[PDB]
Amino acid sequence: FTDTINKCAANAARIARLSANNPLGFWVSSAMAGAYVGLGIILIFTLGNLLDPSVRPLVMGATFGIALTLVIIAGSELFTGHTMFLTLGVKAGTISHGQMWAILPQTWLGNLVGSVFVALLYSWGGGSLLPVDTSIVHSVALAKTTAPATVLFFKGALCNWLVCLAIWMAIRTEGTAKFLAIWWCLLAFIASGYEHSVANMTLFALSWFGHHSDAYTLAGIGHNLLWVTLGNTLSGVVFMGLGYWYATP
Amino acid sequence: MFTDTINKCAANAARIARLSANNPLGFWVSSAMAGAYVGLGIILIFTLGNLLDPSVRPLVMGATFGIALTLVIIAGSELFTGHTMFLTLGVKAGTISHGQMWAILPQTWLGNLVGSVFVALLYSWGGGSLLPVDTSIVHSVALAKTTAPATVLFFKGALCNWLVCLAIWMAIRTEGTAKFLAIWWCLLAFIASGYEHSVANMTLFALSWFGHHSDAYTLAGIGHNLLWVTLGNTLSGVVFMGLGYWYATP
Amino acid sequence: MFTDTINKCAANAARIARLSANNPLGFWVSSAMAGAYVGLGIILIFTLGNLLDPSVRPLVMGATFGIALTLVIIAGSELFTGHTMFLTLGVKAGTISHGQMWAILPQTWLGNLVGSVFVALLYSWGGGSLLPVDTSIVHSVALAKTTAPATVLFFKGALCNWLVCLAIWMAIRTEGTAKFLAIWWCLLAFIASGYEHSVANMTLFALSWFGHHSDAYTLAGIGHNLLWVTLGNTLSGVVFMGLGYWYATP
Amino acid sequence: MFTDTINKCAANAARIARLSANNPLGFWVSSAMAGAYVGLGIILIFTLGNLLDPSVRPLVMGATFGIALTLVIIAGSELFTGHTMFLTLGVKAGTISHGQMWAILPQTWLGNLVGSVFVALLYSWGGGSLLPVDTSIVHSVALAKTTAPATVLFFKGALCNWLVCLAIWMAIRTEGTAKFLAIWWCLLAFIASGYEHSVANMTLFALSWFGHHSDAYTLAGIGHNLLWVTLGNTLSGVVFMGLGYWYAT
Amino acid sequence: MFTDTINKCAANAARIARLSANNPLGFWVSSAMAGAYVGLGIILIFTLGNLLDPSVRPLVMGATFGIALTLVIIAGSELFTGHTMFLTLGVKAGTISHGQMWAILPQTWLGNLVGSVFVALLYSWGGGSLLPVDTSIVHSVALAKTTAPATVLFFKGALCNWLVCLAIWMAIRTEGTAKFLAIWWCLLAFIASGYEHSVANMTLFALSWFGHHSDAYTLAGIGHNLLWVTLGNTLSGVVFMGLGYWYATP
């Protein structure tokens with residue numbers, strides 16, 4: 001896997017030059033990834049909200065794949081992806097430890113602005129997920145904000161294993177195969193109940209700007225984002241980055 | 001890369017300009033084509049939607065709308081919502097003037113209308129089953145689209161053309177079947193999410209207009225919708241996509 | 001754009017012409033093949049539709065009709081409805097004469113009919129389950145097609161061949177799998193929207209004819225549909241596609 | 001010259017003759033595989049059709065049978081029903097004689113029969129759930145196939161192998177995934193239209209024979225269906241496809 | 001025929017033998033991955049199956065299991081069940097010794113075990129919904145698997161790995177998305193037919209064990225299944241695929 005490792009390492013060095021030399025480009029590109037994932041979340045929640053509970057995992061997982069397709073094919077900068085690229089970049093010597101930790105929070109924030117931005121436009125566009133309190137947007141958001149730390153951490157680990165696996169298979173494949181790679185892993189992660197930090201940003205923002213109940217708070221959103229973010233970072237850094245690094249000649 | 005994609009977008013912008021200036025009959029036929037192609041897709045999804053529960057309409061209408069941008073891009077034609085992106089990029093790369101951009105756009109818009117109205121007419125002469133029946137989802141959706149407020153329609157128009165331009169963008173960055181999938185994804189996301197396409201609406205509105213529509217459904221209502229939806233489509237084409245990618249490049 | 005595609009259609013038209021005049025036998029085999037292939041498609045979707053609720057018949061029958069044109073294009077055969085486009089572009093490019101176009105089209109038509117009647121015969125001798133019951137959708141759909149007004153039939157036939165020629169067009173402009181997707185989309189769209197395919201009707205008509213059809217179903221009814229559906233197919237092939245794309249090239 | 005596709009069919013016929021004549025073991029292995037592979041598809045579609053209302057069987061069983069000819073063509077093996085076509089083109093092209101063609105065909109049919117019986121037996125030792133209930137789908141369909149009339153069976157086998165060969169033919173004229181979709185289309189059209197495949201039947205009949213069939217189901221019955229379907233299969237492969245495309249150029 | 005593929009597979013055995021001898025860490029990781037990857041596919045299909053009517057479980061669980069071997073092959077990892085085929089062919093071609101095959105084989109097995117157990121464990125710590133409710137299909141499918149007769153499990157294992165090696169074999173002989181379709185088809189077929197995969201069972205078992213299983217579900221039972229399905233898996237890997245294609249070549 002030295003070819004795939006070098007391409008990821010070349011990418012870590014590209015992310016850095018963008019961060020350092022083109023600040024405007026970096027921020028636009030990070031906000032893009034959040035908006036793109038968010039457009040996917042609006043799609044899957046719209047469809048889930050109309051359907052019986054027993055088919056939601058299947059339809060929402062099967063139709064979420066647009067989210068990473070946009071991110072990877074359209075082009076953008078996705079925090080959860082950075083956790084792997086930047087690990088590989090550090091391990092190969094194309095970027096440093098300090099550059100890694102300085103870039104990640106930046107991608108995280110741009111993703112956030114882009115998520116809030118798409119949920120805002122959806123809200124001004126009078127989106128139908130928003131005004132009714134029984135909307136799946138609110139009950140999924142609330143449940144997400146009140147789950148224990150451990151549960152959220154490990155769900156965040158599992159999600160980013162798959163999402164990074166999708167990034168990884170897409171770099172190793174061509175044409176349509178990238179699309180199937182993306183499709184598969186997004187099905188597995190949504191249907192299986194795992195947690196994606198950047199997907200959550202849009203979900204939480206959608207619930208915030210609608211008729212959420214009193215028990216839904218900025219704190220609870222903070223809680224979920226803290227622990228999912230760490231767990232996404234575990235799988236990205238260790239399962240995938242260090243994992244494949246240690247797997248090659 | 002990003003620069004490669006942008007240059008292709010700017011070359012396409014210079015190509016549209018010329019087509020407009022040098023070959024007007026082709027410009028109009030190609031424009032009429034895009035409107036008709038989107039409408040054929042509108043006839044398809046509305047015929048399917050009319051036979052389904054509300055709770056599966058968005059999914060099945062969304063999953064079967066892909067043909068619309070597929071025809072526009074693969075068969076070849078000129079689509080207004082597409083130009084909003086290409087022309088911006090041509091202006092910014094320098095291959096066309098700001099002037100040519102704003103002179104082309106209303107031409108593409110009108111051409112599309114001609115094809116949209118044209119395909120709705122044929123369908124009507126063709127005893128299309130969606131027109132005469134006052135309970136059809138053609139009349140009800142077209143009614144709701146005409147009386148939604150401006151802000152709502154604007155922002156749904158913005159969200160629609162982000163996605164449709166993303167399809168355009170992604171089809172250019174990819175090859176063979178990947179093109180059909182990118183298009184598929186984005187048309188499913190836009191339809192199922194509730195967003196608004198000016199050009200597709202031109203077909204839907206002409207279908208409702210030619211059938212037994214609500215006495216509440218007016219030319220003024222059609223005007224209200226096409227106005228704010230168009231402006232919306234334009235914001236995302238120009239700013240989120242055209243300018244957005246322009247500033248993302250190092 | 002479009003110059004390469006047009007030249008390919010035009011080279012195809014000369015090839016069709018050479019085939020017709022130099023190897024008449026292969027002309028007929030290859031035309032019979034197209035009617036038979038389209039037929040194997042019609043048997044498929046009527047078998048499926050025959051068991052489902054009327055409300056999902058357009059979706060299912062549309063989604064599964066793709067094989068028909070996939071066979072025609074990828075296995076290789078001669079389809080009258082595609083000939084309407086190819087030959088038009090051939091006359092326009094100068095590769096064949098007006099005279100050659102009109103001498104050929106009726107032959108392709110006749111060959112398609114032979115292959116159609118023929119695949120229907122085999123299905124019958126094969127004790128196909130669609131035939132013996134009066135309630136079969138083969139009988140109710142064939143009869144509805146035969147008593148429909150000329151006007152309705154024409155414009156539906158025009159709308160159909162737009163879509164089928166669009167599939168042929170897009171297939172010429174793409175490679176590998178994308179051909180199959182282009183074809184799938186267009187056949188979803190024409191069948192599910194209600195549109196009329198002249199050659200595909202030939203098989204349906206023969207299947208109902210060889211089965212337990214009602215007395216209301218006559219050869220005059222069949223000829224009535226085939227006349228207007230054919231003329232309508234020919235309109236969209238010749239004008240919307242042939243002449244359309246001819247005047248669209250800068 | 002001939003067409004590329006005809007020249008390819010005919011090279012394939014010459015390669016069949018050589019395998020038959022120089023490598024009997026290879027031939028028998030490679031024919032056994034095709035029977036097993038079609039058989040694997042048959043177990044699949046009957047396991048699914050078993051749980052489904054009759055009105056969705058032709059659709060679901062049709063839509064899921066594509067693996068059968070996918071294994072045959074992509075994995076690699078010798079299928080009787082495709083030989084009828086290949087060997088005709090060889091004969092017309094001059095690469096093989098009428099003599100080699102008629103000597104090979106029965107060998108292919110038998111090796112296919114062996115692999116079909118072999119995969120049935122494994123499934124049967126594997127406690128296959130389709131076996132014990134004489135009223136469930138393998139036994140009722142198996143029974144009705146053995147008592148159908150000769151004319152009906154012959155013309156159904158004609159229309160089946162038209163489609164199965166059209167799949168073979170289109171797979172030769174295409175690359176990559178297009179081959180898979182060609183095959184998939186064709187096996188949906190033949191299984192859902194009610195058409196009969198001699199080799200597919202060999203596994204169905206072997207499943208019903210080795211399971212708890214009613215005593216109305218007999219060896220003479222199985223022989224009755226196989227005789228007429230094999231003959232119909234041969235009519236369309238030889239004539240509609242081989243002779244058909246031979247005279248189409 | 002098949003000589004290239006055999007030789008790819010033989011060259012793969014030699015690569016495997018090299019990883020094992022000069023990079024045990026990399027070996028173990030790459031084994032564990034494969035087990036964890038399969039386990040992800042298992043967690044998916046059981047989560048889907050659990051909410052569904054039993055009459056659509058084989059279809060849906062089969063149609064969605066594809067990710068398992070797709071991760072294995074396309075991301076890359078080392079899969080015991082694949083090894084049974086690779087190593088056999090390398091032995092026959094002379095690229096590895098009999099001695100190597102037998103040293104490596106239970107190594108991959110253990111690594112796959114460690115990985116399957118590992119993903120199960122993460123899913124337990126992440127409050128996986130499949131675990132706590134006794135009637136969950138993770139528990140009932142797990143139990144039925146553990147008490148089935150040796151002979152039954154053996155021949156279901158042989159038939160499973162026939163299919164899985166066929167996917168791997170077809171993936172080797174194809175490109176691009178085709179690798180993906182070959183895999184999807186084989187995993188549909190094996191999961192929906194009732195066949196038994198040793199490594200996937202490893203995850204399913206760990207899951208049950210970490211959840212609310214009945215008293216009747218024991219380690220001896222998990223043992224019984226892992227024994228006989230592994231052995232059946234090995235039969236079809238070695239003999240039906242390995243020696244099978246080996247003796248199928250001129």
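Worth knowing before you read on, the calculation uses all heavy atoms, side chains too, and leaves out hydrogens, waters and symmetry mates. The chains referred to below are lettered A, B, ... by the order of the sequence lines, with proteins before strands, and numbering in each begins at 1.
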* For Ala220(E), check side-chain contact (heavy atoms from CB on, under 4.5 Å) against everything at least two apart and list the hits. => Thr218(E)

* To do: Output, in order, the C-alpha distance, side-chain angles, deciding distance and verdict of side-chain contact (heavy atoms from CB on, under 4.5 Å) for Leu188(E) and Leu44(D).
  => CA-CA 8 Å; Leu188(E) 164 63; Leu44(D) 170 57; 4.1 Å; yes

Picking from [options], which has the most non-hydrogen pairs under 4.5 angstrom with chain E?
options                                  : value
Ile67(D), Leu48(D), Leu52(D)             : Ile67(D)
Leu25(D), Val60(D), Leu122(D)            : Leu122(D)
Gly66(D), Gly127(D), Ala32(D), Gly126(D) : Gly126(D)

Contacting moiety of [X], where chain E heavy atoms sit under 4.5 Å:
X        : value
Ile43(D) : both
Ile74(D) : both
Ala63(D) : backbone

* Asked: So do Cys186(E) and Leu71(D) actually touch side chain to side chain, heavy atoms under 4.5 Å?
  -> yes

* Search all heavy atoms of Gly176(D) against all heavy atoms of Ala178(E) and return the closest pair with its distance. => C-CB, 4.3 Å

* **Nearest non-hydrogen partners of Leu19(D) and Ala248(E), listed with the distance** =>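 So the two residues come closest at CD1-O, 4.5 Å.
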
Which atoms of [X] are under 4.5 Å from chain D, going by heavy atoms: the side chain, the backbone, both sets, or neither?
X         : value
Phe240(E) : both
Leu153(E) : neither
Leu166(E) : side chain
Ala182(E) : both

Quick one: donor-acceptor pairs under 3.5 angstrom, chain E versus chain D?
{"residue": "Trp169(E)", "atom": "NE1", "partner": "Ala75(D)", "partner atom": "O", "Å": "2.9"}
{"residue": "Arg173(E)", "atom": "NE", "partner": "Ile74(D)", "partner atom": "O", "Å": "2.8"}
{"residue": "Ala178(E)", "atom": "N", "partner": "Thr177(D)", "partner atom": "OG1", "Å": "3.4"}
{"residue": "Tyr245(E)", "atom": "OH", "partner": "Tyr37(D)", "partner atom": "OH", "Å": "2.5"}
{"residue": "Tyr245(E)", "atom": "OH", "partner": "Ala75(D)", "partner atom": "O", "Å": "3.3"}
{"residue": "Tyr245(E)", "atom": "OH", "partner": "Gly76(D)", "partner atom": "O", "Å": "2.7"}
{"residue": "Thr249(E)", "atom": "O", "partner": "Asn23(D)", "partner atom": "ND2", "Å": "3.0"}

* Structure fact -> If you tally heavy-atom pairs under 4.5 Å between each of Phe154(E), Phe155(E), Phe180(E) and chain D, the highest tally belongs to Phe155(E)

* Report the C-alpha distance between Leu59(E) and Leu51(D) in whole Å, list the side-chain angles of each, state the deciding distance to 0.1 Å, and finish with yes or no for side-chain contact (heavy atoms from CB on, under 4.5 Å). => CA-CA 10 Å; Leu59(E) 171 59; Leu51(D) 293 172; over 6 Å; no

